[PDB]
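What follows is the content of data_6.tsv (TSV, C-alpha atoms and all ligand atoms).
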chain	number	residue	atom	x	y	z
A	1	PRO	CA	19.38	39.14	-26.97
A	2	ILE	CA	20.65	42.06	-29.08
A	3	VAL	CA	18.78	45.39	-28.58
A	4	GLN	CA	19.26	48.75	-30.37
A	5	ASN	CA	19.82	51.76	-28.05
A	6	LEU	CA	18.80	55.41	-28.75
A	7	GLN	CA	22.12	56.19	-30.60
A	8	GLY	CA	21.64	53.09	-32.87
A	9	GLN	CA	24.32	51.05	-31.00
A	10	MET	CA	23.60	47.31	-30.98
A	11	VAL	CA	23.95	46.10	-27.35
A	12	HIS	CA	24.01	42.49	-26.15
A	13	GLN	CA	22.16	41.57	-22.91
A	14	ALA	CA	21.89	38.07	-21.36
A	15	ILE	CA	18.42	36.40	-21.62
A	16	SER	CA	15.94	37.59	-18.95
A	17	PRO	CA	15.06	35.03	-16.19
A	18	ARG	CA	11.45	36.36	-16.56
A	19	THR	CA	11.52	35.49	-20.32
A	20	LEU	CA	12.65	31.93	-19.38
A	21	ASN	CA	9.93	31.68	-16.66
A	22	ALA	CA	7.27	32.88	-19.17
A	23	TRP	CA	8.56	30.43	-21.87
A	24	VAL	CA	8.43	27.44	-19.43
A	25	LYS	CA	4.89	28.42	-18.23
A	26	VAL	CA	3.79	28.88	-21.91
A	27	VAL	CA	4.99	25.34	-22.80
A	28	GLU	CA	3.29	23.88	-19.64
A	29	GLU	CA	-0.12	25.05	-21.08
A	30	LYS	CA	0.38	25.00	-24.93
A	31	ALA	CA	3.22	22.46	-25.72
A	32	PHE	CA	1.31	20.72	-28.60
A	33	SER	CA	-0.94	23.58	-29.88
A	34	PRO	CA	-0.28	26.12	-32.73
A	35	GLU	CA	0.11	29.11	-30.29
A	36	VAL	CA	3.54	27.80	-29.06
A	37	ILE	CA	5.09	29.19	-32.32
A	38	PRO	CA	3.95	32.90	-32.09
A	39	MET	CA	4.65	32.77	-28.29
A	40	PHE	CA	8.20	31.45	-29.03
A	41	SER	CA	8.60	34.36	-31.54
A	42	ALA	CA	7.21	36.90	-28.99
A	43	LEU	CA	9.77	35.71	-26.35
A	44	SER	CA	12.80	35.64	-28.79
A	45	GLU	CA	12.95	39.16	-30.36
A	46	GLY	CA	16.69	39.77	-31.13
A	47	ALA	CA	17.65	36.36	-29.57
A	48	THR	CA	21.17	35.00	-30.29
A	49	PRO	CA	21.64	31.23	-30.95
A	50	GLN	CA	22.92	31.01	-27.33
A	51	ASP	CA	19.68	32.64	-26.01
A	52	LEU	CA	17.63	30.15	-28.12
A	53	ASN	CA	19.61	27.15	-26.76
A	54	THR	CA	19.00	28.51	-23.21
A	55	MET	CA	15.20	28.68	-23.94
A	56	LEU	CA	15.18	25.06	-25.28
A	57	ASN	CA	17.25	23.81	-22.26
A	58	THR	CA	14.49	25.01	-19.82
A	59	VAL	CA	11.78	22.82	-21.52
A	60	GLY	CA	13.71	19.56	-22.37
A	61	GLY	CA	11.63	17.43	-19.88
A	62	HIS	CA	9.33	16.11	-22.70
A	63	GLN	CA	12.17	14.13	-24.29
A	64	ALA	CA	10.14	12.81	-27.31
A	65	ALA	CA	9.11	16.34	-28.45
A	66	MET	CA	12.68	17.61	-27.81
A	67	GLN	CA	14.10	14.63	-29.84
A	68	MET	CA	11.79	15.58	-32.81
A	69	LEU	CA	12.92	19.25	-32.51
A	70	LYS	CA	16.68	18.33	-32.35
A	71	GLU	CA	16.28	16.01	-35.39
A	72	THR	CA	14.66	18.92	-37.35
A	73	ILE	CA	17.51	21.27	-36.25
A	74	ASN	CA	20.12	18.69	-37.45
A	75	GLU	CA	18.24	18.26	-40.81
A	76	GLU	CA	18.16	22.06	-41.41
A	77	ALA	CA	21.83	22.44	-40.31
A	78	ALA	CA	22.84	19.67	-42.80
A	79	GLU	CA	20.81	21.50	-45.52
A	80	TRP	CA	22.61	24.80	-44.66
A	81	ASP	CA	26.03	23.06	-44.96
A	82	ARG	CA	24.93	21.60	-48.38
A	83	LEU	CA	24.00	25.13	-49.66
A	84	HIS	CA	27.02	26.82	-47.91
A	85	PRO	CA	29.96	24.30	-47.85
A	86	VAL	CA	32.60	25.98	-45.64
A	87	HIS	CA	35.88	27.34	-47.05
A	88	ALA	CA	39.22	26.64	-45.24
A	89	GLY	CA	39.27	30.31	-44.02
A	90	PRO	CA	37.70	33.81	-44.45
A	91	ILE	CA	38.09	36.00	-47.62
A	92	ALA	CA	41.01	37.94	-46.00
A	93	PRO	CA	42.61	38.61	-42.53
A	94	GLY	CA	40.18	40.55	-40.25
A	95	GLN	CA	36.99	39.31	-42.04
A	96	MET	CA	34.48	37.15	-40.09
A	97	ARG	CA	34.07	33.50	-41.26
A	98	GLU	CA	30.84	32.34	-42.97
A	99	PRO	CA	28.68	30.40	-40.40
A	100	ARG	CA	28.13	26.61	-40.59
A	101	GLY	CA	24.81	24.92	-39.72
A	102	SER	CA	26.30	24.12	-36.26
A	103	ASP	CA	27.37	27.80	-35.86
A	104	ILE	CA	23.76	28.94	-36.60
A	105	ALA	CA	22.54	26.30	-34.08
A	106	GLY	CA	25.06	27.84	-31.56
A	107	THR	CA	26.92	24.50	-30.89
A	108	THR	CA	30.26	25.44	-32.63
A	109	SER	CA	30.13	29.29	-32.51
A	110	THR	CA	30.94	31.60	-29.57
A	111	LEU	CA	28.57	34.33	-28.33
A	112	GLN	CA	31.14	36.87	-29.66
A	113	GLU	CA	30.90	35.33	-33.19
A	114	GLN	CA	27.05	35.36	-32.92
A	115	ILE	CA	27.12	39.08	-31.88
A	116	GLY	CA	29.61	39.77	-34.75
A	117	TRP	CA	27.26	38.22	-37.37
A	118	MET	CA	24.03	39.74	-35.88
A	119	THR	CA	25.59	43.29	-35.69
A	120	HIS	CA	27.20	43.16	-39.19
A	121	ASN	CA	26.09	45.81	-41.78
A	122	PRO	CA	23.65	44.47	-42.93
A	123	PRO	CA	23.07	41.70	-40.27
A	124	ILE	CA	24.08	38.06	-40.92
A	125	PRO	CA	20.90	36.98	-39.08
A	126	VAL	CA	22.02	33.66	-37.45
A	127	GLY	CA	19.46	34.06	-34.59
A	128	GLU	CA	16.53	34.44	-37.08
A	129	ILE	CA	17.84	31.56	-39.29
A	130	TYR	CA	17.98	29.31	-36.17
A	131	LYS	CA	14.46	30.51	-35.08
A	132	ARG	CA	13.15	29.38	-38.54
A	133	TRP	CA	14.57	25.85	-37.94
A	134	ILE	CA	13.15	25.75	-34.37
A	135	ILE	CA	9.70	26.94	-35.69
A	136	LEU	CA	9.84	24.20	-38.41
A	137	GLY	CA	10.49	21.66	-35.59
A	138	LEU	CA	7.66	23.10	-33.41
A	139	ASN	CA	5.38	22.82	-36.52
A	140	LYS	CA	6.21	19.06	-36.88
A	141	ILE	CA	5.43	18.52	-33.15
A	142	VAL	CA	1.98	20.28	-33.22
A	143	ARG	CA	1.08	18.48	-36.54
A	144	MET	CA	1.98	15.10	-34.93
A	145	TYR	CA	0.65	15.64	-31.29
A	201	LIG	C1	7.32	21.61	-28.45
A	201	LIG	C2	7.66	21.17	-27.04
A	201	LIG	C3	6.71	20.46	-26.31
A	201	LIG	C4	6.93	20.17	-24.97
A	201	LIG	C5	8.11	20.58	-24.35
A	201	LIG	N1	8.40	20.39	-22.96
A	201	LIG	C6	7.68	19.86	-21.96
A	201	LIG	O1	6.54	19.46	-22.04
A	201	LIG	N2	8.37	19.90	-20.82
A	201	LIG	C7	7.88	19.40	-19.53
A	201	LIG	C8	8.48	20.15	-18.33
A	201	LIG	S1	10.26	20.53	-18.49
A	201	LIG	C9	10.80	20.53	-16.73
A	201	LIG	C10	9.88	21.37	-15.89
A	201	LIG	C11	9.70	22.72	-16.02
A	201	LIG	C12	8.71	23.05	-15.05
A	201	LIG	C13	8.41	21.86	-14.44
A	201	LIG	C14	7.39	21.69	-13.35
A	201	LIG	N3	6.08	21.14	-13.88
A	201	LIG	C15	6.20	19.68	-14.26
A	201	LIG	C16	4.96	21.33	-12.87
A	201	LIG	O2	9.11	20.77	-14.92
A	201	LIG	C17	9.11	21.17	-25.11
A	201	LIG	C18	8.88	21.50	-26.45
A	201	LIG	CL1	10.12	22.35	-27.31
Could you show the structure in this file as structure tokens?
Amino acid sequence: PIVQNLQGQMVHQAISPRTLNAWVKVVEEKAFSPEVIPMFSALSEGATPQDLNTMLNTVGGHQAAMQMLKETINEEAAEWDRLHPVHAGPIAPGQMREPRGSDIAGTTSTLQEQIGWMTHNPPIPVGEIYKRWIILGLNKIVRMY
């Protein structure tokens, strides 16, 4: 995750093993019930796309629910690319590139690019955009059972 220190510096930290343990144990009790969504939000404050992929990797054992989630992520990433069709390069040398759907999903972006977007002024909130797509997928799963 990104956290803000006392001087206002944005600081990256790797995801807590205790956050992953809590997320696994949460899913073991509430996998198909509405509470999985606010508990996912509670455990992903300031999460990068790489943190979010790490959280999903710890719970992939229920392959049919994970398949539904990954299909929803691919649908929302395709919709992002339709609204934001990528240019051949950035506006000028030294500017960050605009993220793709796969960059927001953390599959074609580096952690350093994710930190760059999330610590922009104002933030380019790729972690929160990916959380929205994950929460849409979690919604489909609890609707369906
Ligand atoms: C919405 C949703 C619904 C369900 C799920 N995952 C699952 O049910 N995983 C099943 C377990 S994973 C591997 C694992 C972690 C802990 C254990 C041990 N224990 C089986 C006692 O074995 C994921 C999402 Cl994202």
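You can rank A:12, A:18, A:62, A:84 by their closest distance to ligand LIG 201 (chain A) using all atoms listed in the file, and at the top of that list sits A:62.
Here atom CA of residue 136 of chain A is placed at a distance of 24.4 Å from atom CA of residue 113 of chain A.
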Which residues form the shell of 12 Å around ligand LIG 201 (chain A) when you count all atoms listed in the file, given as an NGL selection string?
-> :A and (20-37 or 39-40 or 52-73 or 134-145)
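Straight-line separation from atom CA of residue 104 of chain A to atom CA of residue 5 of chain A: 24.7 Å.
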Would you kindly return, as an MDAnalysis selection string, each protein, DNA or RNA residue with an atom no farther than 7 Å from any atom of residue 48 of chain A, considering all atoms listed in the file and excluding same-chain residues fewer than 3 positions away?
-> chainID A and resid 1 51:52 114 127
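Proximity to residue 100 of chain A was assessed for A:9, A:74, A:16, A:4 counting only C-alpha atoms; the smallest distance is recorded for A:74.
With distances restricted to only C-alpha atoms, A:49 is the closest residue to residue 105 of chain A from A:78, A:49, A:132, A:123.
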Top pick for closest residue to residue 109 of chain A, considering A:50, A:95, A:41, A:7 and counting all atoms listed in the file | A:50
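The two atoms in question, atom CA of residue 101 of chain A and atom CA of residue 80 of chain A, are spaced 5.4 Å apart.
Take the candidates A:3, A:107, A:92, A:87 and check each one against residue 44 of chain A using all atoms listed in the file; the shortest distance goes to A:3.
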Can you work out which one of A:111, A:11, A:124, A:83 has the shortest atom-to-atom distance to residue 97 of chain A, counting all atoms listed in the file?
-> A:124
